[PDB]
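Asker: Handing you a structure now.
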Amino acid sequence: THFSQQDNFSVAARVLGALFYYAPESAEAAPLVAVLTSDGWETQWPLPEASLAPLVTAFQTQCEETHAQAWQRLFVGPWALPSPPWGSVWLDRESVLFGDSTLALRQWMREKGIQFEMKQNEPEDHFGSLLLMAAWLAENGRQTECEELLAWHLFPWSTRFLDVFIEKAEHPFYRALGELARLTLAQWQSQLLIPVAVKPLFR
């Protein structure tokens, strides 16, 4: 019955999350770059074809800039990232990392006995970390928590983050990845029984 337990929710969340968290040449993400750059993946993605046809091609579009170089520029640095993948940049009035929305997520994790750990020195509210934790909760049959994560701790900023990211990606693969993410999270959003939390955006 619950939308986290069907339509490839966990599988799709893990794919989107890893491609946003790990480098395209990494052991974690290279196989995923390879699935999205081959025909066939669209058959298993939980969205309709009229919207996937264009992304199939777009994911395969060659480009002088390397996946590795695009990711570096979009997610690592050294310079300012065009769309910072951490919730508190979007939700905290001050746009700092480890901000108030980050604290809210951490407190919620601790109340619900959620033991999922992020890597060291890293804030909990990274877009991909959130998608991997949602996947992980789904797999564990923790549907209520999964829905709360999305409603309360991801969807309030994820659309804004994706909007700016899709507009500034400037690389066919990552722009396609962004659009895929937006279409998919939107679809999930429409399946929630619970309202998305109403929060101002500060970037």
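Using full-length UniProt numbering, read the sequence shown as starting at 2 and increasing by one per residue. Think of the CB as a built atom: it goes at the ideal place given N, C-alpha and C, for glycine as much as any other residue.
1. Straight-line CA distance for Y22 to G100?
2. Please classify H3: does DSSP put it in a helix, a strand, or coil?
3. For the candidate residues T160, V199, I167 and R204, whose alpha-carbon lies nearest to that of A187?
4. Going by beta-carbon coordinates alone, are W72 and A24 separated by less than 8 Å?
5. Please confirm whether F166 and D93 have their CB atoms less than 8 Å apart.
6. For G179, is the classification buried or exposed, using 16 other Cβ atoms within 10 angstroms of its Cβ as the cut-off for buried?
7. Where do the N-terminal and C-terminal ends of the alpha helix (DSSP H) with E50 fall, by residue?
8. I need the straight-line Cα distance from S96 to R74, nearest angstrom please.
9. Grab me the residues of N9's own chain with a C-beta within less than 7 Å of its C-beta, minus the 5 sequence neighbours each way, in chain order.
Answerer: Here's the rundown:
1. One-based indexing of the sequence shown puts residue 22 at position 21. One-based indexing of the sequence shown puts residue 100 at position 99. Going by the C-alpha atoms only, they are around 20 Å apart.
2. Here residue 3 refers to the residue found at position 2 when the sequence shown is read from its first residue. In the structure shown, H3 sits in coil (DSSP, three-state: anything other than H, G, I, E or B).
3. Your numbering for residue 187 matches position 186 in the sequence shown. Here the closest residue by C-alpha is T160.
4. The count along the sequence shown starts at 1 and reaches residue 72 at position 71. The count along the sequence shown starts at 1 and reaches residue 24 at position 23. Yes, the pair counts as a contact, with Cβ atoms nearer than the cut-off.
5. As a working mapping, residue 166 is identified with position 165 in the sequence shown. As a working mapping, residue 93 is identified with position 92 in the sequence shown. At least 8 Å separates the beta-carbon of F166 from that of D93.
6. Residue mapping note: residue 179 aligns to position 178 of the sequence shown, counting from 1. By the 10 Å Cβ count, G179 comes out buried.
7. Here residue 50 is taken as the residue at index 49 of the sequence shown, counted from 1. Its alpha helix (DSSP H) spans residues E50 to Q61.
8. As a working mapping, residue 96 is identified with position 95 in the sequence shown. As a working mapping, residue 74 is identified with position 73 in the sequence shown. Using only the alpha carbons, I get a separation of about 20 Å.
9. Counted from its first residue, the sequence shown places residue 9 at position 8. So the qualifying residues of the chain are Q45 and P47.
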